[PDB]
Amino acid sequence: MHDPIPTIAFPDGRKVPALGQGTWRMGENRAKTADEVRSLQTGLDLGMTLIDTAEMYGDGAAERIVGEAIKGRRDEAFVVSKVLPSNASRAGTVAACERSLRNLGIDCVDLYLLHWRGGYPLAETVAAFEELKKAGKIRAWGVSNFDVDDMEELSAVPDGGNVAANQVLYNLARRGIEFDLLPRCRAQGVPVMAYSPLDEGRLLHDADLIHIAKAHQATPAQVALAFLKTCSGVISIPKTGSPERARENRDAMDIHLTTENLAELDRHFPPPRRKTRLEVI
């Protein structure tokens, strides 16, 4: 019997498991599709109910993978997608949402993000998000790759205070948001979605993570996710094309990092001591 996935509440009171599933680079290889679908199905069965995708991921292909994986079980998934900033005009956003819904094969996304900051004024994009919400086409909107200054601009936008999430880079190797952005979003009640929680796999070569993994009879990936589980206000979205890895990632929740593991990680992966430029992938 494994331990449960902690839950995080959105501003609107909806709760999701703090461990979800990524999909970037899915749907690029026909030979992997069956496994990618199965990986997401496996994570859903195990309670990794949030799935993060985007219009740009394989230009609709990752969305279609998500659509397969949720076939017969839409109500079990919390589907997140995104609009590219070059599409995030008043009419563009609506048109992009409709494509995503067609690809996903569903009526409504749970959460719809601006993927990063572009040249269209924020009020335009938020206006489109609020109309989609009223139309029953999205349930909530948020943003991604927004630093503090970007977050502040939302207050000048009417309805900008409805922001439901900020999806930014965060893992042991990229702790910059701890200085300012994460504390702001926590004070504000806005979940931070930590993308690339395994630093795209680069963390898995780290000797201190390996050592700590060894002590817990776990894997380095499981340790990287166990750390992020300790962080309140954070939802991590690791991606894997492998159903065996999905199971492994789920079981990262059974690790209880000790006070000494945490000190050692802080020593090996130092927190920012000053404001850091937002890292983006």
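Just count from 1 along the sequence shown to find any residue number.
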item: Of 65-73 and 41-49, the stretch whose C-alpha atoms average the higher B-factor in the entry; value: 65-73
item: Which of 138-146 and 199-207 has higher mean CA B factor, as the PDB entry lists it; value: 199-207
item: Criterion, highest CA B-factor; candidates, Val234, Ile212, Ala246, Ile237; value: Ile212
item: C-alpha B-factor winner, where the candidates are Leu169, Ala88, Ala156, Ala173; value: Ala156
item: Ranked against its chain, the third holding the CA B-factor of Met253; value: highest
item: CA B-factor placement of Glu36, once the chain's modelled residues are sorted into thirds; value: lowest
item: Cα B factor band for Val223 (lowest, middle or highest third within the chain); value: middle
item: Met56 - Cα temperature factor, lowest/middle/highest third of chain; value: highest
item: Ranked C-alpha temperature factor of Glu131 among modelled chain residues, by third; value: middle
